[PDB]
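These protein sequence lines are chains F, D, E, H, U, L and X, in that order.
Here the deposited numbering is used: the first residue of the first sequence is 66, the next is one more, and so on.
Here the deposited numbering is used: the first residue of the second sequence is 281, the next is one more, and so on.
Here the deposited numbering is used: the first residue of the third sequence is 117, the next is one more, and so on.
Here the deposited numbering is used: the first residue of the fourth sequence is 269, the next is one more, and so on.
Here the deposited numbering is used: the first residue of the fifth sequence is 320, the next is one more, and so on.
Here the deposited numbering is used: the first residue of the sixth sequence is 117, the next is one more, and so on.
Here the deposited numbering is used: the first residue of the seventh sequence is 320, the next is one more, and so on.
For each residue, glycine too, the CB sits at the ideal point set by N, CA and C.
What follows is a set of notes on a single structure, which appears directly below.
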Amino acid sequence: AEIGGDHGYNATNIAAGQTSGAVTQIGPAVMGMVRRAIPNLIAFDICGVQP
Amino acid sequence: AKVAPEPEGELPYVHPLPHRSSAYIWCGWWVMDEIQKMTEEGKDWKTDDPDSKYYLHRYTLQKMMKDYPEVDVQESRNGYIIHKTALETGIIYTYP
Amino acid sequence: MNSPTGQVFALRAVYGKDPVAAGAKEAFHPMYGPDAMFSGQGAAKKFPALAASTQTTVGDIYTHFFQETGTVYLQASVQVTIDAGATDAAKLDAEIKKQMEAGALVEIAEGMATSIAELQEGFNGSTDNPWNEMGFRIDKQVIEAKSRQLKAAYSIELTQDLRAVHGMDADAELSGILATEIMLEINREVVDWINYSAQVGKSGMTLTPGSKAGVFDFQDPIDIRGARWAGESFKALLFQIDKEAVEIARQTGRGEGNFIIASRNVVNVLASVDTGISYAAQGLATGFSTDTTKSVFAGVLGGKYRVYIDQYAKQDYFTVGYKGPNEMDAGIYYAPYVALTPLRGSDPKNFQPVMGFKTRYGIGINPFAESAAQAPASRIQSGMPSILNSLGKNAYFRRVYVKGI
Amino acid sequence: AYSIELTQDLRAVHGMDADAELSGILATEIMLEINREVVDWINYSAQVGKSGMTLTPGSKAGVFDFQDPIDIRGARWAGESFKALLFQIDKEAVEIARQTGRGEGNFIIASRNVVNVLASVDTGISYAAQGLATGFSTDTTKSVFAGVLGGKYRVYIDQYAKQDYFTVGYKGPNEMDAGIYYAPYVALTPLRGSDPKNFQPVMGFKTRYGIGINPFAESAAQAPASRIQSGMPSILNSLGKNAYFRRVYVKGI
Amino acid sequence: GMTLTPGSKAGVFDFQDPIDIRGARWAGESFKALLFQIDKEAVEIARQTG
Amino acid sequence: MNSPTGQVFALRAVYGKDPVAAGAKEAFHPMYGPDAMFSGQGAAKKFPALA
Amino acid sequence: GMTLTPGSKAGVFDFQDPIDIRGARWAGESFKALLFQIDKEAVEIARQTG
Numbered sequence: 066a067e068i069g070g071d072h073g074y075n076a077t078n079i080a081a082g083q084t085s086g087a088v089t090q091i092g093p094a095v096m097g098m099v100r101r102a103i104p105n106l107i108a109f110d111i112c113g114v115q116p
Numbered sequence: 281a282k283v284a285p286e287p288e289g290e291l292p293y294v295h296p297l298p299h300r301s302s303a304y305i306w307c308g309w310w311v312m313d314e315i316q317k318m319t320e321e322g323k324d325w326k327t328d329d330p331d332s333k334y335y336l337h338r339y340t341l342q343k344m345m346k347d348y349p350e351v352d353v354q355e356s357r358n359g360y361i362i363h364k365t366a367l368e369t370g371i372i373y374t375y376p
Numbered sequence: 117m118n119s120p121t122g123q124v125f126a127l128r129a130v131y132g133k134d135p136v137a138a139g140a141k142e143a144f145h146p147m148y149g150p151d152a153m154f155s156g157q158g159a160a161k162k163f164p165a166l167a168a169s170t171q172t173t174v175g176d177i178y179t180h181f182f183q184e185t186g187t188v189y190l191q192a193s194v195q196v197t198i199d200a201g202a203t204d205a206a207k208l209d210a211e212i213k214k215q216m217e218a219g220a221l222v223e224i225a226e227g228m229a230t231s232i233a234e235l236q237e238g239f240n241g242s243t244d245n246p247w248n249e250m251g252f253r254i255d256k257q258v259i260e261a262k263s264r265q266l267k268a269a270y271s272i273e274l275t276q277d278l279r280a281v282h283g284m285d286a287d288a289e290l291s292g293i294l295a296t297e298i299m300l301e302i303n304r305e306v307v308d309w310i311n312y313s314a315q316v317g318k319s320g321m322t323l324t325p326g327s328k329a330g331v332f333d334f335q336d337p338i339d340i341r342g343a344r345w346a347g348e349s350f351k352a353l354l355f356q357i358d359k360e361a362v363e364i365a366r367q368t369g370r371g372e373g374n375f376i377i378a379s380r381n382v383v384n385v386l387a388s389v390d391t392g393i394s395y396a397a398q399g400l401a402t403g404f405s406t407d408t409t410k411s412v413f414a415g416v417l418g419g420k421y422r423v424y425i426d427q428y429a430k431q432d433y434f435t436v437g438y439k440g441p442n443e444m445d446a447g448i449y450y451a452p453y454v455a456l457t458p459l460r461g462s463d464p465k466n467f468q469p470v471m472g473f474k475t476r477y478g479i480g481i482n483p484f485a486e487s488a489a490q491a492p493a494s495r496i497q498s499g500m501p502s503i504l505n506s507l508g509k510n511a512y513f514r515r516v517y518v519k520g521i
Numbered sequence: 269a270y271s272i273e274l275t276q277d278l279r280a281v282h283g284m285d286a287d288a289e290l291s292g293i294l295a296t297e298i299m300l301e302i303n304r305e306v307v308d309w310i311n312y313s314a315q316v317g318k319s320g321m322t323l324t325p326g327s328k329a330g331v332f333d334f335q336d337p338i339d340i341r342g343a344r345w346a347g348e349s350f351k352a353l354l355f356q357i358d359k360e361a362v363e364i365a366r367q368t369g370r371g372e373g374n375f376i377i378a379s380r381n382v383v384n385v386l387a388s389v390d391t392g393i394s395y396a397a398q399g400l401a402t403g404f405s406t407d408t409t410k411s412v413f414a415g416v417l418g419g420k421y422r423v424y425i426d427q428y429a430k431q432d433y434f435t436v437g438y439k440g441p442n443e444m445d446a447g448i449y450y451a452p453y454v455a456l457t458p459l460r461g462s463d464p465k466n467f468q469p470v471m472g473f474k475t476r477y478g479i480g481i482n483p484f485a486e487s488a489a490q491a492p493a494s495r496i497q498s499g500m501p502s503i504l505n506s507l508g509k510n511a512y513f514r515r516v517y518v519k520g521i
Numbered sequence: 320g321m322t323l324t325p326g327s328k329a330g331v332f333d334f335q336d337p338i339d340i341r342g343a344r345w346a347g348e349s350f351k352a353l354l355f356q357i358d359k360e361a362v363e364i365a366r367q368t369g
Numbered sequence: 117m118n119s120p121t122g123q124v125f126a127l128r129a130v131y132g133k134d135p136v137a138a139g140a141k142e143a144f145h146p147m148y149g150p151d152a153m154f155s156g157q158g159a160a161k162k163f164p165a166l167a
Numbered sequence: 320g321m322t323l324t325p326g327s328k329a330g331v332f333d334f335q336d337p338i339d340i341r342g343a344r345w346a347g348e349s350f351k352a353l354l355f356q357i358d359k360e361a362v363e364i365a366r367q368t369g
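In structure tokens, the structure reads:
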């Protein structure tokens with residue numbers, strides 16, 4: 066009566082691939098990476114630059 | 281010479297205007313029509329009839345006029361800002 | 117999700133010489149503007165913080181951290197107190213903004229003196245003058261594929277007479293309703309997750325000083341901007357929805373509100389008013405599919421907001437959300453793994469047919485959902501929605517109840 | 269000051285550079301801080317608006333709240349009130365020309381709320397209208413510059429607004445006629461190093477700009493003091509004294 | 320129920336009640352407020368019958 | 117009607133293992149939305165009714 | 320009868336009564352109220368004469 070089981074829903078358990086069943090999964094796949102966008106600029110038409 | 285009974289809370293907001301010791305509230309056309317009708321049969325609008333359909337707004341107007349001596353109340357039929365002295369009589373512009 | 121239990125990374129650009137630490141403020145925060153004198157005068161010296169009963173002497177600079185729009189550095193233009201009775205963060209921010217409005221506590225930003233800057237971290241025999249450093253954190257979130265299943269278990273004594281007397285099948289009906297119910301339940305689950313995670317709208321920068329802070333009622337003179345009759349009143353809803361779309365843009369940092377999901381009443385109000393910039397108008401609802409029988413998606417708001425209708429609305433509301441062109445910047449992910457794997461069988465004990473459906477989807481939460489926390493917990497965070505990270509915290513969704521319709 | 273093992277393993281596992289990421293978030297941070305600094309200098313050195321010649325007699329100085337009938341010229345509902353806001357902007361733009369003598373108001377920088385208000389009004393001369401914010405980029409993700417008002421005012425956005433305001437400014441064709449100068453001297457000079465004890469590399473960025481104030485910005489004095497004045501903004505000479513920028517807090521949006 | 324204005328009579332639509340006519344005035348704005356009400360229940364049927 | 121006393125059938129779609137029962141909720145219903153968690157956690161555990 | 324606004328004179332139509340002119344303002348709203356009154360009374364002839 067082999068059971069597939071599942072990770073204990075803990076983030077550490079899924080990250081390590083731990084599974085209460087017989088088979089321990091390789092890893093938690095990949096779904097990309099989210100980086101926070103750089104906030105925008107206001108240009109310099111408001112104030113003269115004059116290098 | 282009497283004070284208006286308090287109809288619980290939930291009073292409409294009055295915006296304080298320390299620029300001229302005034303304030304501002306948007307009443308509409310029904311409140312002004314009701315006040316004009318009340319001040320035509322010899323009745324009073326500041327405190328009389330504490331169970332009116334829109335007495336809560338009239339009580340708010342009375343409190344606003346007591347707290348601020350130069351209130352600026354805006355109706356909705358014409359959007360005119362009647363002052364405290366103009367609102368004292370209860371007759372706004374026209375009509376019987 | 118081709119493979120079960122996917123994961124999503126998230127890079128935090130935080131400063132303070134420690135990529136991971138306690139209370140390290142993120143740099144490129146859409147909510148929190150960067151401390152302008154962090155590389156500047158904030159690196160040469162540490163300014164005294166601004167709090168209750170901090171008598172602001174003339175000419176110096178005080179650091180503060182607002183709950184919204186980040187941290188500020190205020191130059192005291194005149195001596196004044198900060199209303200020592202204000203101890204909570206909200207009241208402290210209110211008092212500081214009051215001082216700002218009066219002009220007593222102005223907001224400035226400057227660089228660093230060249231003498232202090234040219235010698236930093238032990239130069240020319242000096243000491244105790246470190247640089248201001250930065251770094252990236254990179255913490256991950258992990259989701260899990262939850263499952264869902266149903267059974268039919270229809271008798272074989274039934275099908276005979278039911279087909280003989282009604283012409284049905286008793287199998288294409290039960291299987292159809294099972295699959296339809298599973299799909300409907302999954303859809304209702306994701307819709308409730310959108311409403312569950314939606315932030316309380318009309319609270320903060322979208323508030324009018326006199327409004328009710330959470331509901332938009334047409335009977336309030338402040339809420340309708342002193343509107344009259346219906347052409348003027350219903351356009352205040354459009355103005356508020358635009359304000360909350362721009363607030364979503366500020367909080368998320370990805371873009372304006374892309375869609376709204378509303379009740380029948382709010383959608384009907386939207387359709388019955390001229391949404392364009394043209395006087396005040398009203399009439400029968402034409403542009404939007406007000407009913408929820410043909411389809412749910414009911415038109416668009418000037419070609420900007422996709423207006424869906426939530427057919428099971430408790431009291432009333434509209435929820436403005438966000439969904440960028442990419443499938444990643446959504447705010448909540450419904451990632452199916454297996455869809456409706458049908459199973460059949462018949463126990464030899466009774467030979468009565470039995471069938472069932474199984475599916476496994478799992479729901480994930482976009483990192484940077486909170487937009488108010490500069491760092492996650494444990495650096496390996498559960499991606500599934502929960503009390504801690506999803507309830508009333510998704511910056512993407514803002515939900516407002518509309519009253520007085 | 270990033271580690272070397274961090275670069276070695278992060279390039280292998282994530283595919284980044286571990287140097288262009290840090291250098292990127294350092295140069296971007298410097299530019300963002302400089303931009304916020306010049307914007308804050310503009311706001312802080314801006315004359316308090318709606319005072320003197322632009323003040324309606326029965327109104328507060330420096331505040332334009334939509335709930336004051338005299339403030340909005342006795343407006344009603346929404347279109348009239350926001351059009352009164354537009355009229356106030358025009359009045360301040362002409363006061364800008366009166367004070368500076370260099371030209372009418374040329375740009376405004378406002379909060380998200382004020383820009384959103386401007387985007388939902390028939391800015392031309394025709395009745396009174398409201399609707400969906402159409403003509404302006406109300407949100408600051410794609411860009412901060414949010415359209416133009418009447419083809420005249422380059423309406424920018426102050427995304428990190430504290431409570432609410434709008435500042436009508438000016439900028440002539442010359443970079444000299446500005447009202448305030450962000451005059452860079454060096455621009456993001458990089459610096460590399462490595463402590464020989466541990467060999468872990470350190471990288472940094474150094475800039476030197478300085479901010480100058482335009483003479484005649486006060487424009488209320490026919491002669492300055494000492495014939496040699498400090499050009500950096502300060503409390504004495506750049507606290508609500510520039511005639512090039514006029515700032516008003518808009519309340520009750 | 321769903322289509323009721325909170326300050327209304329719950330069963331009638333009289334043009335003399337400003338809450339009922341969305342605070343309208345004269346004739347072009349008061350009658351049009353009925354066109355809203357006739358809409359507010361036309362959708363309501365779609366909620367019930369389906 | 118050609119013949120008197122006509123009739124019309126109606127097919128409800130109710131869940132709960134019992135097509136007929138005391139208060140068996142109907143699945144497909146315009147007013148009444150489908151229950152949120154019946155095929156999901158509703159089978160793994162039973163939640164307490166709120167009163 | 321059926322053409323009587325509950326707040327009118329029942330026999331005359333004066334432009335000065337707000338209920339008679341349905342709350343009209345100035346005269347562009349008021350003469351149109353008179354138009355509505357004559358329209359409403361033209362209908363009742365179809366009710367009575369048939």
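Item, Value
"In angstroms with no decimal places, state the Cα-to-Cα distance between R128 (chain E) and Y334 (chain D).", "56 Å"
"Please identify the residue among E:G478, E:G437, E:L459 and E:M500 whose C-alpha is closest to the C-alpha of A511 (chain E).", "E:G437"
"If you count every other CB in all the chains shown that lies within 10 Å of the CB of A488 (chain H), and 16 or more means buried, which is it?", "exposed"
"Going by Cα to Cα distance, which pick from D:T369, D:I361, D:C307 and D:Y373 is closest to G322 (chain D)?", "D:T369"
"So with Cβ pairs under 8 Å, would you call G370 (chain D) a contact of chain U?", "no"
"Verify whether the separation of the beta carbon atoms of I340 (chain E) and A397 (chain H) is less than 8 Å.", "no"
"Say whether chain X places a C-beta atom closer than 8 Å to the C-beta of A352 (chain U).", "no"
"Report yes if the C-beta distance between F434 (chain E) and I376 (chain E) is below 8 Å; otherwise report no.", "yes"
"Should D426 (chain E) go down as buried or exposed, given a rule of 16 or more other Cβ atoms within 10 Å for buried?", "buried"
"Would you list the one or two residues that DSSP bridges to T322 (chain H)?", "In DSSP, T322 (chain H) forms no bridge with anything."
"Exposed or buried, which one is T324 (chain U) when buried takes at least 16 other CB atoms within 10 Å?", "buried"
"Please name the residues in the stretch 350-369 of chain D whose beta-carbon is closer than 8 Å to at least one beta-carbon of chain U, in chain order.", "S356 and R357"
"Taking the straight line between their C-alpha atoms, what separation do you get for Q236 (chain E) and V306 (chain E)?", "54 Å"
"Name the one or two DSSP bridge partners that residue 542 (chain H) has.", "Residue 542 (chain H) lies beyond the range of chain H shown here (269 to 521); nothing can be said about it."
"Apart from the five residues on each side of it in sequence, which residues of its chain come closer than 6 Å, Cβ to Cβ, to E360 (chain E)?", "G317, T322, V436 and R514"
"Among the residues of its own chain, which have a CB less than 7 Å from the CB of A295 (chain H), if the five just before and after it don't count?", "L456 and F473"
"Please list, in chain order, the residues of the stretch 320-332 of chain E that have any C-beta partner in chain D closer than 7 Å.", "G326"
"Looking at the strands, I want to know which residues DSSP matches up with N510 (chain E).", "E:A314"
"Any contact of the stretch 258-271 of chain E with the stretch 490-501 of chain E, i.e. 3+ C-beta pairs under 8 Å?", "yes"
"Leaving out five residues before and five after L353 (chain X) in sequence, what residues of the same chain have Cβ atoms less than 8 Å from its Cβ?", "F332, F334 and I340"
"CA-CA distance, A126 (chain L) and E297 (chain E)?", "19 Å"
"If we call anything under 8 Å between Cβ atoms a contact, is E273 (chain H) one with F252 (chain E)?", "no"
"Using a Cβ-Cβ cutoff of less than 6 Å, which residues in the same chain neighbour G283 (chain E) once the five nearest sequence positions on both sides are dropped?", "none"
"Only counting the same chain, and skipping five residues up and downstream in sequence, which positions put a Cβ closer than 8 Å to that of residue 243 (chain D)?", "The structure shown does not extend to residue 243 (chain D), since chain D spans only 281 to 376, so no value can be given for it."
"Under a Cβ-count criterion, where at least 16 other Cβ atoms within 10 Å of its own Cβ denotes burial, should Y450 (chain H) be classed as buried or exposed?", "buried"
"Would you kindly work out how many angstroms separate the C-alpha atoms of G447 (chain E) and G373 (chain E), rounded to a whole number?", "12 Å"
"Report the neighbours of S394 (chain E) on chain U: residues whose CB is nearer than 8 Å to its CB, in chain order.", "Correct list: empty, because the minimum Cβ distance to chain U is about 16 Å."
"Hey, how far is the Cα of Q265 (chain E) from the Cα of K328 (chain U)?", "47 Å"
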